[PDB]
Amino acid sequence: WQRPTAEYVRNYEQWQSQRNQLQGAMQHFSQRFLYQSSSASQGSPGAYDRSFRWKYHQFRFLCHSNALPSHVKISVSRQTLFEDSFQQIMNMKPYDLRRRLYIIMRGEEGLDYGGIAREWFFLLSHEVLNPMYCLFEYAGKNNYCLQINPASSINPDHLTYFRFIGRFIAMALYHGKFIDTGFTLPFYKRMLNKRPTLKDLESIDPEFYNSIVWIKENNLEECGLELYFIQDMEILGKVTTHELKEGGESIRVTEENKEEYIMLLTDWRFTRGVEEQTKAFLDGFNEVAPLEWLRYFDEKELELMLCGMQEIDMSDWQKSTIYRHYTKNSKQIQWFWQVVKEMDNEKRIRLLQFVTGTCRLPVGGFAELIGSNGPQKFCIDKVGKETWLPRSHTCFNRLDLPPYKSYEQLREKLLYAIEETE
């Protein structure tokens, strides 16, 4: 479907190298885990404690409880995996996708149908990113910041493909299997009916972020203004202007209209060009696994449910950290790593998601970390004043850590910053 352009061919290759990296990465992928099934009354979650564990068990309980009996057989060939999965899953009634899932890899026997189901989920979760289908693009170099392609309607079946992707992701959650497609935290936020934020723009589009901030920083008029409640987009040529409001072309932007402007424009940047595609994703998801079942999860917990946890090697982490104005030996940095040393693995993941915008770690670990601009190690900067919380720049894998005056000040601030939502 994709027109044979300069970007398309660049993207084609980059995705092919993913395929050459695919085999090795699945051994790494096999070490992802969550929690052993609840051993209670029909896997009852127990009494509510705010933990991720409880939410996991609670959500599994609903899956178990609502699952149709018997089983369903998805029959696919290793080399036509996308097309075969798509045909099978989209000709089933969505309720039948909640029955126990048997993946039959054509001509491959061997048992450990769990093994096989896990591999299929992993491989299918990369296969959907094939540039050929026009569904996705990245915002940075490499595979940085996956987003729906606004020119996806190049593929005339693109909405039905988004529906299948929705079903497949729900089936991952529904059967406790991990995927690796690489959706962003704001994309999870949309699955939770949560409104993405100005801070979130920094993750997906730092340039666009830096300006929206320099609108709200700057007083207006002083240094010009000259804006309407409109924004342009360029979907496959057609420089389509888009009203921020109804009759927006006339609706002219003042200083009085500026916080409204920012809210509408924040909202615009996340939704622009990808509305029908996201709707089709959500409808596919929702017919297999009700989105209402996600109600306890924040976007980071949702990510972790889908991707699975991995153990964080402290040594690798600490080894591949770089500093700005701090050294390794600085007082605040000593306290930082002490707090990290005392965290359990799940809070270590929480901090990783806070600083980098994902729970996922590249195959080499911390030395291989990508920011927007390409390689970018985990970085701690001496920035802020004491009464500030720590802040991150996910674009740069960067934590701004105020020069706090004690371990307990730092500890409480950092724990607070990482546990916050919206």
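Residue numbers run from 1 along the displayed sequence.
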- Query: Among the other entries that model both neighbours of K279, does it go unmodelled in a third or more?
  - Reply: no
- Do at least a third of the other compared PDB entries leave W293 without coordinates? no
- Task: With reference to the PDB entry, specify whether the mean Cα temperature factor is higher for 32 to 40 or for 378 to 386.
- Result: 32 to 40
- Averaged over C-alpha atoms, is the B-factor higher for 86 to 94 or for 108 to 116 in this PDB entry? 108 to 116
- From the entry's CA B-factor values, the highest among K300, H242, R269, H126 is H242
- Item | Per the PDB entry, maximal CA B factor within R163, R252, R295, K177 | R252
- Message: Quick check on the deposited entry: does the C-alpha B-factor of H57 sit in the lowest, middle or highest third of its chain?
- Response: lowest
- Item | Lowest, middle or highest third - CA B-factor, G357 | lowest
- Compared with the other modelled residues in the chain, in which third is the CA B-factor of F229? highest
- Item | Chain-relative CA temperature factor third for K405 | highest
- Task: Check where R99 lands among this chain's C-alpha B-factors and tell me if it's the lowest, middle or highest third.
- Result: lowest
